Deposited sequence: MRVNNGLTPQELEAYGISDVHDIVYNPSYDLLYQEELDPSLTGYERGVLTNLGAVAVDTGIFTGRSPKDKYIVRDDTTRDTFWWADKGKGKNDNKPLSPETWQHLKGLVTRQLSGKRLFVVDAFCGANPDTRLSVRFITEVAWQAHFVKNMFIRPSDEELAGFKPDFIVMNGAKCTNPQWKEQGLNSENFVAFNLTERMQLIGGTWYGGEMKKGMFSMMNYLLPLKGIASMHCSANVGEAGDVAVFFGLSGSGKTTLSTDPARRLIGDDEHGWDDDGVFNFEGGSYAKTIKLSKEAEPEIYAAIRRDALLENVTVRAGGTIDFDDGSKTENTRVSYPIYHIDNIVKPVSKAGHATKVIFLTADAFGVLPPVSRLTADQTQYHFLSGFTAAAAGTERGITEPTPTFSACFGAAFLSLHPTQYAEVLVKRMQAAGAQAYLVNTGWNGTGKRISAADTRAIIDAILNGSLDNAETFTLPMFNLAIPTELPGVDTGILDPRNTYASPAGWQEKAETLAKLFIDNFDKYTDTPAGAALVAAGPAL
């Protein structure tokens, strides 16, 4: 356990009472305290889980995200104002940092505090020790679910590498004079190793804040940091899946014959692939027991519902998206049966799958990527909607990148090469006309990848993009393998898309890495 004196080292004073690493039993009682008001208030649902409301703080606040620019980060961070920018990594002065830090420590002074020590990363040799301090019980509950809970033995020798202080109740009145976006703030200081949260009550800021920090620390050590889901087969073969909204990442990574390592954040070190998290933060709009039985069943006592509509009686209305469509629920990973246990990690990945939804109808259902193409497409992070509106998210998670995108690509292929892994580009999209690709076909494609069939298969190249397409695939109509067969014609569309890729990639050509990669992209 820790003493009040330990917290005063951070600037907090007059510490009334500390509840260190509270059990789920205690948190449940705390959340239901009738004296709580506003966003602190918790309500019991018919499913047994507690539900909370974060007001207008429905999602992340990229505009209020700042990182202190100093000797530590000056030359290493991917700044929003240097070179070509193109990101939310806005620099902050050390003096303003001390002011923001002071606002939080003063807000937390003279209160009963909740302190949660946890780990980020499932592999002991490469994990990060994090201490979270909050004055709100459900916030302590959120971090207990989302990060790895230490054993009493691990707690004995705990020494935090990073400290996050949640001061949602305070705001910065001097914001205007300081040249900030608003009175709220999500700030990071890599020299003092701390994260501050002010004004915003959105739980995801704690999850995504640590992800951004891991994205900085790990690649520097030669450890891949990835925004993906990962699962394992009976033979211990592991696959990682990358894909933005609509790509079907989650659904395709759900397989009764394959245990889940994790659904969102993973690292890849000398020992293999590991989950950063100890829980899942799932979206709940239109959630049905029929479509998502695993998630639905995870919602019980100890899970924490966020912003969902609950009626006086009858309770949860998962369909009500009037307030927001970003309704969430967090729960410890063990609420899911089909997982890798007792530790969320496995061996080296041998199959890397990039999922996309090409509404332009140009890309093939499946292509086997070359090492350079893997890097090119990882950096592009393409997907399109409504058909078509294209989206390019670097490394399939641009908003959480702390280093130049090329750095993530380099470490990824380094680990892939050491494992002899193979990458595939799978297009589950439709241009809006004629017969679309069926879920059955999509599953057949994934099976062919996972079982090693496409690994040494004969292929033919697709013009311009130069993608290698397998000659035939078991359980799939050979006809659908060639995207041209759906239609000048395809060529005209291919030129349009190729131009988009080229236009987007110019953002990284300044670096020797990005520059060298241009030759792996579309040739028009």
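*List in ascending order the stretches of the deposited sequence, numbered from 1, that lack C-alpha coordinates.*
Holes in the chain trace, numbered from 1: 1-5, 393-400, 501-503.
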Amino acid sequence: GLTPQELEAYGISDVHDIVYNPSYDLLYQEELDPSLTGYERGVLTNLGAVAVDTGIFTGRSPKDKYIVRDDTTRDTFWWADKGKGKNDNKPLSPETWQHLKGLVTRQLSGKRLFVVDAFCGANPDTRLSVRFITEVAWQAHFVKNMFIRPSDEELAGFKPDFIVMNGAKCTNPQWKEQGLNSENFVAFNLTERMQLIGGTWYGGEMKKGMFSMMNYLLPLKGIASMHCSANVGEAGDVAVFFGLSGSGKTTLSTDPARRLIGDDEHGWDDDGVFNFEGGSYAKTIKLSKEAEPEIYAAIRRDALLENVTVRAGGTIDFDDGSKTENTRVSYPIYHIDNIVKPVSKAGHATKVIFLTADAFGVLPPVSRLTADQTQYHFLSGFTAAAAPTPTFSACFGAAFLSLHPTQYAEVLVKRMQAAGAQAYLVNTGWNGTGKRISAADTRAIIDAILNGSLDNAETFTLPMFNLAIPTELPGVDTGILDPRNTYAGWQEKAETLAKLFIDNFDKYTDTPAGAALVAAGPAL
From here on, numbers count along this sequence of modelled residues.
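*On average, are the C-alpha B-factors higher in 347-355 or in 171-179?*
For C-alpha atoms only, the mean B-factor is higher in 171-179.
*Identify the stretch, either 253-261 or 407-415, whose C-alpha atoms have the larger mean B-factor according to the entry.*
Taking the mean B-factor of the alpha carbons in each, 253-261 is higher.
*When the CA B-factors of 395, 194, 316, 273 are compared as recorded in the entry, which is the largest?*
Largest recorded C-alpha B-factor: 316.
*Whose CA atom has the top B-factor in the entry, of 160, 157, 342, 420?*
The C-alpha B-factor peaks, among 160, 157, 342, 420, at 157.
*By its CA B factor, does residue 244 count among the lowest, middle or highest third of the modelled residues in the chain?*
CA B-factor rank for residue 244: highest third.
*Determine, from the deposited record, the chain-internal third of the Cα B-factor for residue 221: lowest, middle or highest.*
Middle third - that is where residue 221 ends up once the chain's C-alpha B-factors are sorted.
*What third of its chain's C-alpha B-factors does residue 237 belong to: lowest, middle or highest?*
Middle third - that is where residue 237 ends up once the chain's C-alpha B-factors are sorted.
*Third of the chain, ranked by Cα B-factor, where residue 269 sits*: For residue 269, whose C-alpha B-factor we compare with every modelled residue in the chain, the answer is the lowest third.
*Position of residue 505 among the chain's modelled residues by C-alpha B-factor, lowest, middle or highest third*: CA B-factor rank for residue 505: middle third.
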